[PDB]
Amino acid sequence: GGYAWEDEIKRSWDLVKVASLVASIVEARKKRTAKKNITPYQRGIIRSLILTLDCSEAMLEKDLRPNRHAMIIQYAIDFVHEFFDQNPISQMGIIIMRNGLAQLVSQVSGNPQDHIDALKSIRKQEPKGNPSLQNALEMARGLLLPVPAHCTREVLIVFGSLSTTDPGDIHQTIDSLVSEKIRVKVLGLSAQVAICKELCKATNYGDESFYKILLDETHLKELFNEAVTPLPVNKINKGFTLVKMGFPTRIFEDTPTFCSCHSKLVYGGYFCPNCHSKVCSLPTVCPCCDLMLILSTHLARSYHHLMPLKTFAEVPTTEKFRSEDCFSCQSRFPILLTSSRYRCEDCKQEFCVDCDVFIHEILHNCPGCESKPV
Amino acid sequence: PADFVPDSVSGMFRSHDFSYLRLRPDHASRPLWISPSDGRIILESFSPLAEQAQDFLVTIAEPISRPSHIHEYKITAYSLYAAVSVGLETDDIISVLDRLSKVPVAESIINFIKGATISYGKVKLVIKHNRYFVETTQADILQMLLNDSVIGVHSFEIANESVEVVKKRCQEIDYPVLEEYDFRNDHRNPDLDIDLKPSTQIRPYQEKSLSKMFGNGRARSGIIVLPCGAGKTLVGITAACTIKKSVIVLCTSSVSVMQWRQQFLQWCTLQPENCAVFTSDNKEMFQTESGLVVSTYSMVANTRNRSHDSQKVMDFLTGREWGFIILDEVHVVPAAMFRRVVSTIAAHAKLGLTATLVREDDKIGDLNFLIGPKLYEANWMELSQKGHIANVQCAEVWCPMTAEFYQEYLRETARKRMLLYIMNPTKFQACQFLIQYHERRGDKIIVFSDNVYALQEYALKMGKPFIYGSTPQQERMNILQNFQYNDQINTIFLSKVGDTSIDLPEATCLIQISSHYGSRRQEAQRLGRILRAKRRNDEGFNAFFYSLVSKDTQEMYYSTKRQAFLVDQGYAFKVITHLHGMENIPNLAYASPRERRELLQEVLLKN
DNA sequence: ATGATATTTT
DNA sequence: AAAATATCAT
Ligand SMILES: Nc1ncnc2c1ncn2[C@@H]1O[C@H](COP(=O)(O)OP(=O)(O)O)[C@@H](O)[C@H]1O
Ligand code: BEF
Ligand SMILES: [Mg+2]
Ligand SMILES: [Zn+2]
Ligand SMILES: [Zn+2]
Ligand SMILES: [Zn+2]
Ligand SMILES: [Zn+2]
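Residues numbered from 1 in each chain as written, not as in the entry; some residues may be left out. Chains lettered and ligands numbered in written order. Part of a larger assembly, values for the part shown. Heavy atoms only, no water.

Its PDB header attributes the entry to cryo-EM and lists the resolution as 3.4 Å.

Structure (structure tokens):
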């Protein structure tokens, strides 16, 4: 019955005793494999998203430093900014589950400032009680009723607990959501939940990829950023329609005038092309003739989604190269094992790694394709 | 040093320049620098291979200074002897050191380790019924040893009294004496059946420290150094349990003897039948076949005059052969008379446990041949991070001496000089303010004072208790227990009696109005009194350690010299010239000039 | 070598 | 309550 002391000494120093570039390429190729498949799926540019956040005792856990409540709220602010930058026409609403009830914190609108301010106020609020998915969903269902039909209803629940206390049968709400054509995306924090999986699958036409649980702090940001982009629509669902809209002209005035939207003195504004009423900022529904005023730039931002730029394929090392320098940025390709040259299929012009990421994330048009004369 | 151009600024380094050796190509990885001439080692704890390097260096080197980032180690003959003792050889040591060195090891260093790594196991000493036999399996080597006139398979009985003489002599000769005892093999000595309680669990560093002692599966004598509050009592208890033989404990003070009795009972399976305490309070002795006997150094070490009732128990101690002996607070063993305890009591394995292996004289090194090599050591900073010993924010308050008081200081003689600055009215105000401020925070404060007269004077003025030699054992225990479990009595003064070997988790703050002459041992021991606070794991908690001194007096000289050990271990002292909020205090002692003059006359009348 | 302080005994 | 021996520092 001897103890571990008598056996031997650990001898820690015995444990320690005394290709990267190709590894990066193959790792990039494996990552690029997921990006190889891309097709112009039809996506609803106009959308209405109700953001539901869990503010309950489960948020007091220190899994995400400093606490789940702080990180979720902070990343929510970033999501609000990103969501309204990529999609200018869309509107958003904020709900929070606290004390076993769903509490509205900001009306569904198209002003990012209002939603940002609402989230900022929630910072100090201390989470408590149990969450209630049914109460949040019922409140979300009501909020998404006045929204126009052409808009695609969307719910993005950030669930953090493992159990839900509802006053009624949540299964009825799931059926009701499907009837109203509402798609729910759930970002779990700890582990899978049976009801959450069913809600996402039922509302997403059987797709099970809309319920995701993160595995570390870094993965949360990627999940938040993914929801920014619009979701594709199914073939069976039909929502084709026209929407009346107008483009107002910025007007400069020496004397400030009352704004129809807020009834406040503002030096400048945009004159509506129907009722000539002035609105402080865009894009918002006109306060008088309720036609959504927008600028041509707002429509432009969403064009790249309709016709995404085809992914580039790395050239084989054996084949010859078009030139020794990048077409766009003129950066010499390192001589190095495997050539680090990427060519666009349409125009067949090589590009560097920096251009490949830039030409598919920020810049949405291949420089070579525009240069090619037809 | 060949084909090397001396540097222009090489003159700044007094022959200590080491630029001749070239840096290794992989210097970015190796964490060690080796200085050839001085033998010092510089270790980077922020670089890869830090943890196992620290464990290895501690084994083969005695730490000197261990700040946060750069650790300064040194190699000595005694350190090498300890390293080779715990299952190591020159081949392994050389390979590891060269591997971890940012620069190649110089030939001078290689020779130093090589010489002392081969004499490990030539001469052995064993203990039979009551006769010591210095024997060895081989027969040729001992014949050379016997030829020497200093000493006076082969086995020969040596005089018990002269055992220390041969032990030192073996250290002097090339072959040093080894102290190993195979407790598993021998069953002739009655075995005590004891084991740790199921609830008890050994902490990581405690487990590692005990593992080194039993690395080869056989107990070996040595000294284990852990910070105050680390739990050396549990390490000793576990060491006794595994050996499964009779164990005798020698302790510095009777109060601590009671602590050992209680601690031993709380953390093991032993029953009262096998426990007896040979202290001044009671001379009860155990009549069981075997058991634990806990005593004190003074009782055992005393030679001339001991009562017959104590003599019979002492004869009982010397009669039976013991299997284990724990020399608690082993930093006083090298004293003139306490050394006799090792010789009188015949034990196969002897273990020393202390927190501050410091001694003003050169007698500290003698421990290596009285008990054994320094088996293990632990970093005070490392344990503080782990949450085992409470963090302490040391400070050194500067208390200026007033003009009237200072003038009398210069004229008085040296021995009278001490009482002028210890009773400084400015120091008195500082002590009052700190106690009042820290009592508001609900913190227990212990005010040490070596000077008995000053201790009493401060206590009487503040209406607080005190403990020192005149206090009886019953009263001293009552104050200790009361101060631990009563809200009203938040602060108690003490003296040299309580400096070392007392457990009191309640204490969190600490002050010293006066202190003994420059001595690092007392400073470290007093600081350790508050390093085991039960509320050490609470978030954002910091214990306090205040040192009140008088500016321009000899106390400043002593205080700087009195905190050297703490600086080496890692603690940093902050100078507090001004105590904010002191002026607003409604009442301050000796505020009026008349009060200061009256105190000056009173203190002057002392001598 | 001396002075403090502490401890043990009678 | 007084003796006597150790210890720790000059
Ligand atoms: N493993 C442990 N678990 C809990 N408390 C422990 C453990 N080991 C030691 N302690 C505590 O450490 C404190 C000081 O122990 P002690 O042996 O008196 O320290 P020192 O090293 O100063 O002699 C005691 O309160 C004891 O209960
Ligand atoms: F090191 Be301890 F306080 F006995
Ligand atoms: Mg102790
Ligand atoms: Zn307005
Ligand atoms: Zn209008
Ligand atoms: Zn480029
Ligand atoms: Zn192209």
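**Some words on the overall build of chain B**
Spelled out, the test is: Secondary structure follows DSSP: runs of H or I at least 4 residues long count as helices, runs of E at least 2 residues long count as strands, and numbering of each begins at the N terminus. When we talk radius of gyration, it's over C-alpha atoms, and the globule rule is simply 2.2 Å times the number of residues to the 0.38. Relative accessibility thresholds used throughout: buried, under 20% of the residue-type maximum; exposed, over 50%; partly exposed, between the two (1.4 Å probe, protein chains only). Here the accessible surface of atoms and residues is derived via Shrake-Rupley with a 1.4 Å probe, and residues count as covered only by protein chains that are part of the display. In this count, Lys and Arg are taken as positive residues and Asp and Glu as negative ones, while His and the chain termini are left out. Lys charges are placed at NZ, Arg charges at CZ, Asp charges at CG and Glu charges at CD.
Looking only at helices and strands, one finds 23 helices and 22 strands in chain B. Since a compact globule built from 607 residues should have a radius of gyration of about 25 Å, the 27 Å found for chain B is in line with a globular shape. By the burial criterion, 52% of the 607 residues in chain B qualify as buried. Taken as a whole, chain B presents about 28,400 Å² of accessible surface, with 50% of it coming from carbon and sulfur. On chain B, the mean spot of the 69 positive side-chain charges and the mean spot of the 69 negative ones are 3 Å from each other.

**Side note on the coordination of the zinc ion (ligand 5)**
Residue and element names in this part refer to chain A. We count it as follows: Water is not part of the atom set, so a site may look incomplete; the donors themselves are N, O and S atoms within 2.8 Å of the metal, or 3.2 Å for Na, K and Ca. In this scheme the shape depends on donor count and angles: four donors with every angle between 85 and 135 degrees give tetrahedral, four or six donors with opposite pairs above 155 degrees and others between 65 and 115 give square planar or octahedral in turn, and any other case is irregular.
All of the protein donors around the zinc ion (ligand 5) are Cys272 (SG), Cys275 (SG), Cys286 (SG) and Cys289 (SG); their distances to the metal are 2.3 Å. Here the zinc ion (ligand 5) binds four donor atoms, and the angle range of 105 to 115 degrees at the metal identifies the geometry as tetrahedral. The sequence pattern describing where the donors of the zinc ion (ligand 5) fall on their chain is C-x2-C-x10-C-x2-C. Of this pair, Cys272 sits in the loop between β11 (269-271) and β12 (278-279) while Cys286 sits in the loop between β12 and β13 (292-293), placing them 14 residues apart in sequence. Taken as a pair, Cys272 and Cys286 share a single burial class, namely buried.

**Thoughts on the protein's contact with DNA strand C**
All names here are of chain B. What counts is decided by this rule: We call a residue near a given molecule or strand whenever any one of its heavy atoms falls within 4 Å of it. Polar contacts, as counted here, are pairs of nitrogen or oxygen atoms within 3.5 Å of one another; within protein the pair requires one atom able to donate a hydrogen and one able to accept it, and residues that are adjacent in sequence qualify only if both atoms are side-chain atoms. Note on residue categories: nonpolar means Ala, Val, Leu, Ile, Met, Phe, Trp, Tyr, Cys or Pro, charged means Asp, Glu, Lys or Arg, and polar means any other residue, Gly included.
Close to DNA strand C lie 17 residues, the nearest being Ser280, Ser307, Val452, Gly469 and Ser495. Close to the protein, within 4 Å, the atoms of DNA strand C are drawn from sugar and phosphate at a rate of 100%. Between DNA strand C and the protein, one listed contact pairs a phosphate oxygen with a side-chain N or O atom of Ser310 at 3.4 Å. Within the backbone of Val452, a nitrogen or oxygen atom sits 3.2 Å from a phosphate oxygen of DNA strand C. Looking at the surface near DNA strand C residue by residue, the class counts come to four nonpolar, eight polar and five charged.

**Some details on the sheet that holds strand β4 (residues 70-74) of chain B**
All names here are of chain B. Counted only if it meets this: Paired strands are those between which DSSP finds at least two bridges. A fitted line through C-alpha atoms represents every axis, and for helices the fit uses only the stretch in contact; the resulting angles, taken between N-to-C directions, go from 0 to 180 degrees.
Spatially, four strands are ordered β1-β2-β4-β3 in an open sheet, and the strand pairing comes out antiparallel. In this open sheet, the two strands that pair with only one neighbour each are β1 (32-34) and β3 (62-65). Pairs of neighbouring strands in the sheet enclose a mean axial angle of 30 degrees, with direction left out of account. One ladder, built from three bridges, connects β3 with β4; its direction is antiparallel. By the bridge assignment for β4, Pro63 is matched with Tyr73.

**Section: the packing of aromatic side chains**
Residue and element names in this part refer to chain A. Quick reminder of the rule: Aromatic rings from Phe, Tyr and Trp, taking only the six-membered ring of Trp, are treated as a pair when their centres fall within 6.5 Å; an angle between ring planes under 30 degrees marks them as stacked, one over 60 as edge-to-face, and anything in between as tilted. We call a charge positioned over a ring when the NZ of a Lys or the CZ of an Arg lies within 6 Å of the ring centre and within 35 degrees of the ring normal.
As enumerated under the stated definition, the model contains 22 aromatic pairs over all chains in all. Taking 5.5 Å as the distance between ring centres and 20 degrees as the angle between the ring planes, the aromatic pair formed by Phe312 and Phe351 counts as stacked. On the basis of relative accessible area, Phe351 is assigned to the buried category, the value being 0%. Its end group placed over the ring of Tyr342, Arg32 keeps NZ or CZ at 5.5 Å from the ring centre.

**Some details on the interface of chain A and chain B**
Heads up, the condition is: It only takes one pair of heavy atoms within 4.5 Å for two residues to be counted as in contact. Defined here as a combined quantity, buried area equals the accessible surface (1.4 Å probe) lost by two parts on assembly, summed across both. One speaks of a salt bridge when a side-chain nitrogen belonging to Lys or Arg is within 4 Å of a carboxyl oxygen belonging to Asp or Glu.
In this assembly, 13 residues from chain A lie in contact with 23 residues from chain B. On the chain A side of the contact with chain B, A:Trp5, A:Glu6 and A:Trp13 bury the most area, a combined 53% of that side's loss. Our count for the contact surface shared by chain A and chain B stands at one salt bridge. A salt bridge links B:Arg184 to A:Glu6; the nearest nitrogen and oxygen atoms lie 3.0 Å apart. Linking chain A with chain B are seven residue pairs in polar contact, by the criterion used here. Among the elements of the structure, α1 (4-7) and α2 (12-15) of chain A are those that each provide at least two residues to the side of chain A that touches chain B. If you tally residues by element for the side of chain A that touches chain B, the top one is α1(A), at three residues. Classifying every residue of the side of chain A that touches chain B gives six nonpolar, two polar and five charged.

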